[PDB]
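Worth knowing before you read on, the calculation uses all heavy atoms, side chains too, and leaves out hydrogens, waters and symmetry mates. In the text below, chain A, chain B and the rest are named by the order of the sequence lines, each starting its count at 1.
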Amino acid sequence: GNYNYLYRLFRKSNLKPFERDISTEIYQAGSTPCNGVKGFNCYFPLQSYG
Amino acid sequence: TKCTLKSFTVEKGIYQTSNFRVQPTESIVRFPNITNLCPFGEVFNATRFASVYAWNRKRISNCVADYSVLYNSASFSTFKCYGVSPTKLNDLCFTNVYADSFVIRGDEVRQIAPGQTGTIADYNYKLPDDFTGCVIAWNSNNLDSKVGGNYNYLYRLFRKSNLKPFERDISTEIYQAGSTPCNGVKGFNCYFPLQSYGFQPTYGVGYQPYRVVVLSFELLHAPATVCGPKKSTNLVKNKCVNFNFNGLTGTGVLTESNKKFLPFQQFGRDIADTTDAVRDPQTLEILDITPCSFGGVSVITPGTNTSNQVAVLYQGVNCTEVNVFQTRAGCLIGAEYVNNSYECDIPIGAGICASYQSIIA
Amino acid sequence: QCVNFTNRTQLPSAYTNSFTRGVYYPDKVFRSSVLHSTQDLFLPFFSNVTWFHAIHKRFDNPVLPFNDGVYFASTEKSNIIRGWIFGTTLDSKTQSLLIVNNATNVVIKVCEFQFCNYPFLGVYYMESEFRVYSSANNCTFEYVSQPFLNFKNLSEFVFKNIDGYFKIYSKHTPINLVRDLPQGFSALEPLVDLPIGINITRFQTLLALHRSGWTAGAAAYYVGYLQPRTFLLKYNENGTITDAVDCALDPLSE
Ligand SMILES: *[C@@H]1O[C@H](CO)[C@@H](O[C@@H]2O[C@H](CO)[C@@H](O)[C@H](O)[C@H]2NC(C)=O)[C@H](O)[C@H]1NC(C)=O
Ligand SMILES: *[C@@H]1O[C@H](CO)[C@@H](O)[C@H](O)[C@H]1NC(C)=O
Ligand SMILES: *[C@@H]1O[C@H](CO)[C@@H](O)[C@H](O)[C@H]1NC(C)=O
Ligand SMILES: *[C@@H]1O[C@H](CO)[C@@H](O)[C@H](O)[C@H]1NC(C)=O
Ligand SMILES: *[C@@H]1O[C@H](CO)[C@@H](O)[C@H](O)[C@H]1NC(C)=O
Ligand SMILES: *[C@@H]1O[C@H](CO)[C@@H](O)[C@H](O)[C@H]1NC(C)=O
Ligand SMILES: *[C@@H]1O[C@H](CO)[C@@H](O)[C@H](O)[C@H]1NC(C)=O
Ligand SMILES: *[C@@H]1O[C@H](CO)[C@@H](O)[C@H](O)[C@H]1NC(C)=O
């Protein structure tokens, strides 16, 4: 299983053309903020290919 | 004026150079009253659940599907979806919602997935390969755990063949693992398929019950009776703002209207089929739509060989929305209205002319 | 509890002229002192409308096709007509619609039911005869509303089905003629949309049977047929349709 490449599954806002996002920060997918720590309704923005 | 004329010298005259447009201030989005919520209290928060092979199918139809309360509840252990965005659930519309509930153990939650092959999926509830919907589960240790035994919640362990997608089996036939001839009578190699769970107070994480209620959506050609919540913001009047009256978007000025709308009319149109009155959905009031104060902008100038002074005319615009004179042709800025009368030098309109003596009107 | 009727007398249906009746509001748009021309499925002026009677001993309970939209009028008193039926086959094969008005409310159930050959109601001289369907299997949609009800009140009705939107239109029209339509003009204001989106081809009317043998009241109801065409509707100062013109009636109207 190769897991060396990852894709930005979740992002807060859209991307402009020819603009790259490398901000490996947390996604607040719930009403309660993650507070900068991974937890419920909070995962890594990049998911490795299966 | 130089830029519009594409020249660095301007002859004496009046030239239209741009268009004045009163820009909108805010955006107003209003909708009918938010009532008739989906009765999810008796579906997700009921008292008694059902076995996984006998999941209770409840139809959630013709109600505004509010998903914020379901999504933001801290009592639900995990919110997982496969084919839909969890945060886009408010903007979606469906023909109907399939609300199904059952009970499974802690390690059986992974089995609730499209195409997963487990001890429950092949014989109790099997999903298609393009399933839609989010699965809500929670730990029920506070209520389901009983010392005497929670044997009420059963599960179909074995069956002759694998289940087709979305199949419910209520039969109680005897399983036949071997070649021994059984006719519904148990024996050495013939036993009852349905078994009890193992929810006990001593058991910890990984051996705890998880009540699972699953929502499924069908998007057939039937009209979207099920939809999401709408937000109705505050109402502004006598101001040029954007408005959204049940999808009738646009820009205009809303005032109190004396028009007597009939009890079913939501919009009012004039001779040229332009909306000029709307019935407000939240509180039934008639609001006249007056177009925002637009008009051409004309620059009154003498020749650049004479002076660089200019006067600006806002055609058809009252002076309160823009050396300030109110001509019937519009608001005039930069020209002083004298009481004398001369030959017309630069025509403004409606009997008013402009001349350079300072620019006078 | 399906029951046959073996006391039917045979007589052909009557006929009349639709006059200047059957105008309904095309949409929910207010219009004042403007002559709006609209292309919509309307009941043609001076058309041929089929007339059915009930008298005591005649009993007219047909199953007519819906076509593309059916006009329905009933010069009636004492509430002989109390509902309608809609559906293609009206049995356990295809889904039907049920409309029943009684002392509680109007019932609008979109259910696949097995109807009788002759469904009916009962008024024994109060309703205590609930024999419409002998069985009930499934239901998918259901709605609840408020009741809509020398003859005094003529209750016009217009029904349509565009993309499954089962629009229902009506208006309360005072009358004095015992048998025929009045001479005048009255637009039909909408009631409610029914976005059900199922197959509808035929319809049927439910009658309230009287008992003194089964008694029949003095009833007179109409079944008009809507056709696609253009109308010139004149709107008054207050926003109601006070005059209409059928563009395809005769050259002067055109
Ligand atoms: C009332 O009469 C109708 C027709 O006169 C009956 O409908 C037929 O009933 C026979 C007897 O079972 C069936 O073989 C036919 O197939 C029926 N016709 C159709 C078109 O299906 C009806 O059954 C009678 N009602 C009762 C309660 O007997
Ligand atoms: C269960 O969920 C419903 C969904 O809205 C909610 O109204 C109800 O308050 C919940 N039950 C409890 C005990 O909070
Ligand atoms: C709808 O909401 C408005 C806002 O206060 C309220 O005044 C009104 O009574 C509500 N109901 C109806 C039927 O308009
Ligand atoms: C209506 O049509 C029927 C036959 O379909 C005919 O007998 C009747 O005379 C017609 N009536 C009018 C007013 O045209
Ligand atoms: C009216 O019809 C409904 C249909 O279910 C029934 O429940 C109700 O009892 C009826 N009303 C009377 C007065 O019988
Ligand atoms: C309709 O009812 C029959 C039995 O009454 C049942 O077998 C069938 O599954 C039902 N269909 C639906 C769509 O509910
Ligand atoms: C509706 O019913 C008619 C007659 O029963 C049939 O010809 C038609 O194919 C049906 N349409 C659908 C979409 O079922
Ligand atoms: C229009 O309304 C006025 C009252 O504002 C009334 O006097 C008049 O009769 C109405 N006209 C029609 C045609 O309804």
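Contact count versus chain C (heavy atoms, under 4.5 Å) is highest, among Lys260(B), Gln266(B), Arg59(B), for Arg59(B). Contact count versus chain B (heavy atoms, under 4.5 Å) is highest, among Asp163(C), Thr140(C), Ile196(C), for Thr140(C). With chain B as partner, the option from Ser33(C), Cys139(C), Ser32(C), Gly164(C) having the largest number of non-hydrogen pairs under 4.5 angstrom is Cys139(C).
Geometrically, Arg279(B) does not engage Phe261(B) in a cation-pi contact, judged by NZ or CZ lying under 6.0 Å from the ring centre and within 45° of the ring axis.
Between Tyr221(C) and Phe72(C), the gap from one ring centroid to the other is short of 6.0 Å. In this structure, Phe102(B) has its ring center at least 6.0 angstrom away from the ring center of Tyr155(B).
At a 4.5 Å heavy-atom cutoff, the contact between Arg269(B) and chain C is made by backbone and side-chain atoms alike. Heavy-atom distances place the side chain of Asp273(B), and not its backbone, under 4.5 Å from chain C.
The ring pair (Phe, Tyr, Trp, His ring centres under 6.0 Å) test with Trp84(C) is passed by exactly one of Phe148(C), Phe203(C), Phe166(C), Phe157(C): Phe157(C).
For the residue pair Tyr24(C)/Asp40(C), the side-chain donor-acceptor check at 3.5 Å is satisfied.
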